[PDB]
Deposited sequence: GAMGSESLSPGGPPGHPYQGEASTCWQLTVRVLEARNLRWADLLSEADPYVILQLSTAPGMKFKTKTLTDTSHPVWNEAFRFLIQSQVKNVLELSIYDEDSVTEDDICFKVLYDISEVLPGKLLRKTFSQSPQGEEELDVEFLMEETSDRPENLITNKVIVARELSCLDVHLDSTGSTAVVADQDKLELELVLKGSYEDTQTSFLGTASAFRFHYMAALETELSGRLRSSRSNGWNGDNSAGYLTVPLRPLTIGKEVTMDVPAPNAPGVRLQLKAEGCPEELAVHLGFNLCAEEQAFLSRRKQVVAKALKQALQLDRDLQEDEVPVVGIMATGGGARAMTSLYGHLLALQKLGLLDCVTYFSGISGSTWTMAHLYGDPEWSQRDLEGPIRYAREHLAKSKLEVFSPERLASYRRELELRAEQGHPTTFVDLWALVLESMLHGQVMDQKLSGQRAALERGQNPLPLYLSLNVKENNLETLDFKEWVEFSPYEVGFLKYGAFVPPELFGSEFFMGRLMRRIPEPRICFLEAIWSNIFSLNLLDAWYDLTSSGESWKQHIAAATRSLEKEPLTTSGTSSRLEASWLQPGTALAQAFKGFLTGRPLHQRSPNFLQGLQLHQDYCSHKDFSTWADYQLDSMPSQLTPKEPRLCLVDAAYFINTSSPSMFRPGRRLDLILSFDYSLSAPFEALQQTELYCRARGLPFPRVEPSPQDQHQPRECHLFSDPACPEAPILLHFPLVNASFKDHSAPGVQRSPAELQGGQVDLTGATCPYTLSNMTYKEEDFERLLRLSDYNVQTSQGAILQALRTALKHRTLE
């Protein structure tokens, strides 16, 4: 909540020189913080050195980043006009009272020039009512309602979210426009039919008070139609949460969870006394990706922690890609960590064992089609992610699984499970420049949002349409398989490569394990994925046109960047330098997101462990890579170091790399702020010999420790979705064993974590 006064900017477009020949030039002015308000000079004819001398006026909010775009176009009545000049200008340079004369130049030797003058002046308006977290700004919003007592009515309000609304008489009763209170704009109204009637305009002055007008819109060959409109302040309450600390629900959860942790810690460490709230260490589990391999192994890791009584000591549980499948299934049961994990294990084993060719029955394929047809009619886009959602759902459960992310709040109501954190990356879609622009989007049962912008919504509202932090249109929360599809949409790319011989136009390639018996990649080889299947036959053609990634409505839409967003600790932490220094090119102005599996970039769920407020003391890092078990940890360390996030050195010895063990400690006692890391690579070491911690195995039971992690015919390759129960059990029991045998190291780390707190 903040009051801030606006200035008036006069932009005088004088002249340009040395423009390229066809020119018939005109200048366009756009302001990044006034979308839909374009100014246009007159078009001059056959000059190459145009002199316009036209002035235009904007209301400017000093507390937001304001980028003025000045573009010169060459007018052509036949083809779309070519741009001959473009500059982006941060108007914070222009100081009030002092006329600033500017000559803009294109290139270092570029000969084209544009002369402009800027004057910033004070106004007598009241201050604007802004809401910020000091990086994102919600501008003051006004709301205007139009009510009405064949003909088509057209209502236009330049600068509003809706912009233009049309309707036949009778067919539309009422209209709402949302627009910034700081705009000088107007509502224009007119009636059209198949002589044209005159239009009426009602001016909308900046920061005005509510008002009420009645006017009669003239019809063609018929009498006037009476409309009533009232402009009012929009209520100053946002559906989007703006702030860089934990939300109320997560804070409340922590108090609940820390009681369960304090108790479980006392029992596990055989502690003398009861732990004070401030002494309870914050422990996190952090899982990487790796399809069904990650899913299976993570089940085993959780079983171990349960048996050791250490699962109750865990506060946070983060994951990406295949790990989210384990998480999603478990958090469907509100009591999962308090119940024998062997039940969910069995469920997963049986579904992973069934034939994935016969799962694609005609009934099932028809159901996919029917569902996608309905979704399309409902106005959802159709992408690879949508099909992958339904197929993945079928493989994991064999039926529609009507559970939602918001329903996972029940699993946290008594602090009886850890808080689950699911990660994805927001990317720019179909833009060959900006390939490595990437923003972490965190999902939990309490909120979904951007770590960089400090902006979140409840999961039930993710996918709904927003403007300036307000909910514009509520879309029903999807089934969890649709989120699982986003989280693991590396499989959308694998489906695309396996199905389509892309020697083609689509340059959405993105294009990111033990080789086969043929010496080829194991990536695109599993039964379900092959080009001749019932699945492919039904859907290969259907999917041809379509994007790889979901086109999710952006809940940040219309929000603006604060004037000093760059010099904010948390934005700076997450900022991709070059693109992030360009505020007009940031995510808030996009109507849509493009959400991608973290496995496209970096195979870690660690960013959620470093959101401000979480304060992790110990992290159990589970890594499911089949090669390079330290790669993910090392990249995350570099990633953290570049952003000034305290994290221990990850310096395994040559011996460690040659033969990794079940558990590696990475910890820097010199820096207490940095968390302790216990890292569990996917390796079959002592388990080859031992059926249990410190227990050798009967020769009969030698087969149980023969886990095929390395040769060709490795059944745990990324795309394989069919595990023989034999192979499932080995991976699961290996994972279980590797954690159990490390009990000592975990308890030691817990003790150290305790001392530090």
Checklist entry - Numbering the deposited sequence from 1, which residue ranges have no coordinates here? => result 1-19, 42-46, 174-185, 231-238, 557-566, 812-814
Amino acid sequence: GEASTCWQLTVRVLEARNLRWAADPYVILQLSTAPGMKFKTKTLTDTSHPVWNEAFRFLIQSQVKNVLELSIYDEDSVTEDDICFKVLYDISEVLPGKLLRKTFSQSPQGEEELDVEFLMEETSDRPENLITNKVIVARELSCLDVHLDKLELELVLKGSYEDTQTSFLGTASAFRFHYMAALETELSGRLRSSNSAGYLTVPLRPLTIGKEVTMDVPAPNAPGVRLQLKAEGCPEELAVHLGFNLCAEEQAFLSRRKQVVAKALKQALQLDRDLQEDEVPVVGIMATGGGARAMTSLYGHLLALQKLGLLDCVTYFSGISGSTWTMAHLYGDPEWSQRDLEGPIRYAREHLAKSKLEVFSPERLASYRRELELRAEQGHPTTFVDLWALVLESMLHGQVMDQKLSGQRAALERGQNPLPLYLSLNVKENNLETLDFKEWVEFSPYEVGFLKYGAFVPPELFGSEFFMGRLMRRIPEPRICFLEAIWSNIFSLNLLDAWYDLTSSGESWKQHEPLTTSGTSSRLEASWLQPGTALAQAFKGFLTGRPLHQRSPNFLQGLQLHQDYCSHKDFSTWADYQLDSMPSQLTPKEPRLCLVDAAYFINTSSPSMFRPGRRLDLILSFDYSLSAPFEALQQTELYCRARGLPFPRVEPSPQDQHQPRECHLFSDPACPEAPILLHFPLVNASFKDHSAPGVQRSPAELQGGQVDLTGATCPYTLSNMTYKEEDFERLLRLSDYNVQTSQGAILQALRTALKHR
From here on, numbers count along this sequence of modelled residues.
Checklist entry - Taking the recorded C-alpha temperature factors, which stretch has the higher mean, 668-676 or 335-343? => result 668-676
Next on the checklist: Highest mean C-alpha temperature factor of the two stretches 447-455 and 97-105, which is it?
Outcome noted: 97-105
Checklist entry - For the listed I619, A411, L227, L495, which has the peak Cα B-factor recorded in the PDB entry? => result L227
Next on the checklist: I'd like to know which of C84, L421, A292, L483 has the highest C-alpha temperature factor in the PDB entry.
Outcome noted: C84
Next on the checklist: What third of the chain does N245 rank in for C-alpha temperature factor, lowest, middle or highest?
Outcome noted: middle
Checklist entry - For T713, does the deposited CA B-factor place it in the lowest, middle or highest third of the chain? => result highest
Next on the checklist: For the chain shown, is the CA B-factor of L732 in the lowest, middle or highest third of its modelled residues?
Outcome noted: middle
Checklist entry - Compared with the other modelled residues in the chain, in which third is the CA B-factor of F175? => result middle
Item to check | Cα B factor band for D278 (lowest, middle or highest third within the chain) | outcome: highest
